[PDB]
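>>> Turn this into a structure:
(one chain, ligands or ions: 1)
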Amino acid sequence: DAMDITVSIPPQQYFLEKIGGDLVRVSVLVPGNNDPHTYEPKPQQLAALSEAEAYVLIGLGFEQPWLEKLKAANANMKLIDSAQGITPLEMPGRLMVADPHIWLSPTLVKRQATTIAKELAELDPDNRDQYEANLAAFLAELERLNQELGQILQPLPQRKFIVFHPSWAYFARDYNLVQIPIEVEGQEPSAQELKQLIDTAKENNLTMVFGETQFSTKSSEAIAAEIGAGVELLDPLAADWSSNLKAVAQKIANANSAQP
Ligand SMILES: [Zn+2]
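Numbers count the residues shown, from 1 in each chain. The protein structure is shown below:
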């Protein structure tokens, strides 16, 4: 019957569905409207883990906060580090911690899905073919999306974009963009740092402040007001992954192109 796999975030469900089809029944630990960095799994969720045949970790220390509770919920549960074999980027803040947001890189997702499929075929060999097949289809979908995002951003005069939460480092890396984070987690306590950001923005004529759906937009609205730019939201946990990245790229493009 359908194999019960659990994942940390909505985007992973997208990948598991593409790879597993009706052979998997995916459960998500962190809701899309929540900040996974300060998320605490609920008791009902820990209880349900006893049925999970495996759990797909994002890796790179993303699940560290509840990593142990997971093993305690089920030691038999196979932990799938979907980030293995990938060279990570350093976090914007402290330059000695890996950046976990690799699920927003189409190219890197190819690797993530490949690790998932390989692992699903080990627990359920009979369907090894459907997994490898679904994987191939998905990969090709990825290269397509990758190429599509490239034609939207490549010609953009402006390569920098201001974000609240720094969750697009890997995405901005693939398409030669630079995210300027409003939030930090261990950098310089310079209370005026946000002022340097505003002046840099004004001089480069940045026209938009991209806040994240999972966080308050207060500080982004203020920043934007001061820079004279607009405020838009990007949803890094959107379940509708593929279509979401395209909308994102499109917003970037509308903001980083010669303006009216
Ligand atoms: Zn994040």
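
>>> all strands of the chain, in order?
Under the criterion DSSP state E, the chain contains strands at 3-7, 24-28, 54-57, 78-81, 160-163, 178-181, 208-212, 230-234.

>>> Export those strands to CSV and append columns for distance to residue 35.
Any C-beta I mention is one placed from the backbone N, CA and C, and that applies to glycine too. Shown next, in CSV, are the strands of the chain (distance: least, Cβ to Cβ, whole Å):
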stretch, distance to residue 35
strand 3-7, 17
strand 24-28, 15
strand 54-57, 18
strand 78-81, 22
strand 160-163, 14
strand 178-181, 15
strand 208-212, 8
strand 230-234, 14
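
>>> right, and the ones you listed - which one's nearest residue 189?
Among these, strand 178-181 comes nearest to residue 189, with 15.3 Å by Cβ to Cβ.

>>> Name the strands paired with the closest one and say parallel or antiparallel.
Each strand pairing with strand 178-181, determined using DSSP bridges, is listed with its direction: strand 160-163 (parallel).

>>> got the buried residues for the strand it pairs with?
161, 162, 163 (16 or more other Cβ atoms under 10 Å).

>>> Distance to residue 235 added to those, as a markdown table?
Shown next, in a markdown table, are the buried residues of strand 160-163 (distance: Cβ to Cβ, whole Å):
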| residue | distance to residue 235 |
| --- | --- |
| 161 | 15 |
| 162 | 17 |
| 163 | 12 |
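
>>> most tightly surrounded among the strands of the chain?
Comparing the strands of the chain on average neighbours per residue, with mean count of other Cβ atoms under 10 Å, the densest one is strand 208-212 at a mean of 25.

>>> Please tell me how far residue 149 sits from residue 173.
12 Å (Cβ to Cβ, to the nearest Å).

>>> If I follow the layout properly, residue 27 ends up in contact with residue 6?
Yes: when contacts are counted by Cβ atoms under 8 Å, residue 27 is listed as touching residue 6 (4.4 Å).

>>> anything in contact with each of these two?
Contact criterion Cβ atoms under 8 Å, 6 or more residues apart in numbering; residues shared by residue 27 and residue 6: 48, 52.

>>> Quick one: closest of the strands of the chain to residue 136.
Comparing the strands of the chain by their distance to residue 136 (Cβ to Cβ), the top pick is strand 24-28, with 17.2 Å.

>>> Partner strands of the closest one, with direction?
For strand 24-28, pairing defined by DSSP bridges yields strand 3-7 (parallel).

>>> Could the C-alpha coordinates of the strand it pairs with be exported in CSV?
Output in CSV follows, covering the C-alpha atoms of strand 3-7 (Å, rounded to 0.1, in the frame of the first residue of the first chain):
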residue,chain,number,x,y,z
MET,A,3,4.3,4.2,1.8
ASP,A,4,4.1,6.8,4.5
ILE,A,5,6.9,9.4,4.2
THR,A,6,7.1,12.6,6.2
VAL,A,7,8.8,15.8,5.1
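
>>> outside of it, which residues touch it?
Outside of strand 3-7, the residues that reach it under the criterion Cβ under 8 Å, 6+ apart are 13, 16, 20, 23-29, 48-49, 51-56, 77, 120, 123-124.

>>> Next up, the contacts around residue 165.
Listed by Cβ under 8 Å, 6+ apart, the contact partners of residue 165 are 181, 182, 183, 211, 212, 214, 215, 236.

>>> Might one say that residue 259 is in contact with residue 207?
Yes: with contacts counted by Cβ under 8 Å, residue 259 reaches residue 207, the gap being 6.0 Å.

>>> Comparing these two, which residue is more hemmed in?
Under the neighbour definition other Cβ atoms under 10 Å, residue 259 and residue 207 were set side by side, and residue 207 has more, 19 against 10.

>>> Pull up the gap between that one and residue 255, please.
In this view, residue 207 and residue 255 are 5 Å apart by Cβ to Cβ.
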